[PDB]
Each structure stands twice: as structure tokens, then as C-alpha cells.
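**Student:** pasting the sequence and an experimental structure:
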Amino acid sequence: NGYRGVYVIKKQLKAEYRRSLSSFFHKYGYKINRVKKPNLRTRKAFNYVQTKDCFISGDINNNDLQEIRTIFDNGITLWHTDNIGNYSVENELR
Amino acid sequence: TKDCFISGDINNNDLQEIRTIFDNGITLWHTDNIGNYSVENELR
Amino acid sequence: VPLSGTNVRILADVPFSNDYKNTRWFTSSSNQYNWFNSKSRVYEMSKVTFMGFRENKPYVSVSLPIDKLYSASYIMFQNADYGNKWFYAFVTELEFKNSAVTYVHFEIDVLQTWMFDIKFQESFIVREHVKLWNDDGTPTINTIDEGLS
Amino acid sequence: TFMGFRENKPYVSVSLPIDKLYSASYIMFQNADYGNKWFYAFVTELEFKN
């Protein structure tokens, strides 16, 4: 029946789950779980950012500074174009 | 029930209260001996 | 959202509430108006002023006994200064002020009021109703784990 | 001049009828003490006093 040698079978998830996960990643990026400085303006259209216990300093009354930490700890989307909310765009790097 | 739907000519406030009552669970009695669970409680 | 109204109408028998679990969706404002216009008018005023003042207690004074306004469920009104736009609101509570004068409390129905001004953008959909059957009679593919026995 | 004083709810007096500002959403201004720095703010509520 012609079975000899070695076979390489390549597999990927179904269309339904590709659509599902791709759309989630497009809007909310990836799970990172790193302590590092955040990516604020690396994409052409928008950057989603969610931190935990973030550190932010500056010449700011601590009250406003605390509010700002809270904002990033809750997650926020930073837009780099005037078309705010339009997620159809590619949102490629740079 | 859970998230029950109930309509009627009722101010929505009372209607909301009634939905809540069924969402929390309630026993509807059909005899005067309220609370007596010894009975057979057969169909019909 | 205005604090003085024209063409004010208090309606009976509007079947949804500020729980916002249900609403009647419309394809146009004209259709929306026609639907509300077929409701019984419990009371009407040509020109009136709204109070509250304090947040969350907005209301309109009506010259009827509180028993006569029990059927009241909804309010619609226009504002002379923003054209032919209709504002819609739930009647939330009747407050007895004087006899022969009730304070009718209301809360802007944000769905009905802004129905055609809202633009929905891409969102995480937890549940929705989807296409069930292909043209050829085959089922569509929906296999997301429902977690129901 | 800004008000909201002791009331702790800041606001600015405008000489327009409340209907003239229904589209208002945001405020920006400079301060003599902070150079050419711009301050930005949400409009949260229109109050009819006069």
C-alpha cells in the first residue's frame, strides 16, 4: 500500500478557532508575564497595555500619579491615529 | 428560576420584585394546610 | 440631555424597564416614534421644566393625584432647541408631594434615546444568535464548548 | 477665573445658554505659572444656574 520511509504531517487549528484567537490577539496583544518596560507606541494604529503593580514616577502630585498607575493596572488601549475604535486596520509594527 | 421573564400590566417596580421572587425560589401552596409536607402531593 | 421639555407625553404599557434586559429595537427613528405614538397617553404637557438638581432624582411635576398616575411607565419629550429629536425615559417612581400634585421621577432610557447615534465597534462577544443553516441545508460549524450537560 | 472653589467640584462660568454647549466634551487651557504648558480636561456636566 506504499508505506515506506518517513512522513512529515503538518497540522493547524480549525478556521473557527483561528478566527476566534486571531481577533482576540489583534485587539489585546499577547500574554507576557514579564517584568519590563511596557510597549506604548510600537504599533502603527494602537497599543493595548495591561500591567500589575506597575511602577511609574514623575513630577506629579502623588494623587494623579496613583490614578495613572491604576489606569495601566486596569488595562488601557493607546491609539496612534484619529480613527479611534476602528479595529479593522492591520496595526503592524513601527 | 434564573433570569425569568414575566410580563403584565404592572408597574415595572412590582414586576421586577416578582421576577426576583421566582429567581430566588418559592413554594406555591394549593391547600390551607401550609407547611405540612407529610402529604403525598400527587399530580393534578 | 435636556432639563426643559416640549410636547411631553407620559405613556402607559411600555413593557421594558431600567433593568435593561429587554428592549424593542428599531430600524429607524420614524419607526421608533410611531411605535411609541401608539401607546396610551396618560398625560400630556406642551411645555414643562424638569427639576433635580441632585443627581439621580430628576422629575417632572404633574397636577394629578398619585393614584391616577399608577399606569405611567415611560416619558417622551422634545427640546425646542435641538430640533425634532425625541428623548425617552422610564418612569421610575411616583413621589407624593401634595395631594392633587405628584412628582413623577424619571430616568433617561439610554438605549431608546441614543439608538441611532451609537456605533458598535469590534467587541468580545460572549453570546449571540448566529446563522444556523447553510443555503444547501447543511449545518454551520459552531463548536465552542458550551459546558452544558 | 475658575470656580468650584471649596465646593471641590471645579467648573467654569460660560456666557452661553445651556443649549449652546450641548456638544461640549473637553477643555484645554494654559497657566501663567506653568509656561506654555497645556492642561486638558473632560467636560463632565452642564449646570444651568442662569
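**Tutor:** Perfect, thanks for sending it. Numbers count the residues shown, from 1 in each chain, chains lettered A, B, ... in the order given.
**Student:** now the helices for the chain?
**Tutor:** Just going to use chain A. A:15-28, A:62-74 (DSSP state H).
**Student:** can you look at chain C instead?
**Tutor:** When secondary structure is read from DSSP H, chain C shows helices at C:29-37, C:110-114.
**Student:** tell me, how many residues neighbour residue C:12?
**Tutor:** For residue C:12, the count of nearby residues is 17 (other Cβ atoms under 10 Å in any protein chain shown). For every residue, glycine as well, the C-beta is placed using N, CA and C.
**Student:** how close does whatever residue of chain A ends up closest to chain B sit to residue A:52?
**Tutor:** Chain A approaches chain B most closely through residue A:20 (25.7 Å), counting by Cβ to the nearest Cβ. From residue A:20 over to residue A:52 the distance is 25 Å, taken as Cβ to Cβ, to the nearest Å.
**Student:** hmm, back to that, okay, the helices of chain A in a markdown table with mean neighbour count next?
**Tutor:** Putting the helices of chain A into a markdown table (neighbours: other Cβ atoms under 10 Å in any protein chain shown) gives the following:
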| stretch | mean neighbour count |
| --- | --- |
| helix A:15-28 | 12 |
| helix A:62-74 | 12 |
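**Student:** among those, which is nearest residue C:137?
**Tutor:** In terms of Cβ to Cβ, the element of the helices of chain A nearest to residue C:137 is helix A:15-28, at 20.1 Å.
**Student:** just how off-centre is that closest one within its chain?
**Tutor:** Between the mean C-alpha location of helix A:15-28 and the chain-wide mean there is a distance of 12 Å, by Cα atoms, centre = their mean, to the nearest Å.
**Student:** what residue is smack in the middle of the chain?
**Tutor:** I went with chain A, as the question did not name one. The residue at the geometric middle of chain A, judged as the C-alpha nearest the mean C-alpha position with Cα atoms, centre = their mean, is residue A:29 (1.8 Å).
**Student:** not quite, go with chain C.
**Tutor:** Compute the mean C-alpha point of chain C, and by Cα atoms, centre = their mean the closest residue is residue C:109, 3.8 Å away.
**Student:** spatially nearest residue to that residue, not counting backbone neighbours?
**Tutor:** Excluding the flanking residues, the one nearest residue C:109 by Cβ to Cβ, 6 or more residues apart in numbering or on different chains is residue C:88, at 4.6 Å.
**Student:** against residue C:35, how distant is the closest residue to the residue nearest to the centre of chain A other than its chain neighbours?
**Tutor:** Among residues not flanking residue A:29 along the chain, residue A:48 sits closest, at 5.0 Å (Cβ to Cβ, 6+ apart). Per Cβ to Cβ, residue A:48 is found 40 Å from residue C:35.
**Student:** between the two, who's got more neighbours?
**Tutor:** Neighbours around residue A:48 and residue C:35, counted as other Cβ under 10 Å, are more numerous at residue A:48. The numbers are 17 against 13.
**Student:** from residue A:92, how far off is residue A:19?
**Tutor:** Computed as Cβ to Cβ, the residue A:19 to residue A:92 distance reads 20 Å.
**Student:** residue A:56 and residue A:72 touch, don't they?
**Tutor:** Yes - proximity of residue A:56 to residue A:72 meets the contact threshold set by Cβ atoms under 8 Å, at 7.2 Å.
**Student:** overlap in contacts of those two?
**Tutor:** Between them, residue A:56 and residue A:72 share no neighbouring residue, with contact defined by Cβ atoms under 8 Å, 6 or more residues apart in numbering or on different chains.
**Student:** return the residues in contact with residue A:40.
**Tutor:** Contacts for residue A:40 were tallied using Cβ under 8 Å, 6+ apart; they are A:47, A:49, A:78.
**Student:** appreciated, that's everything.
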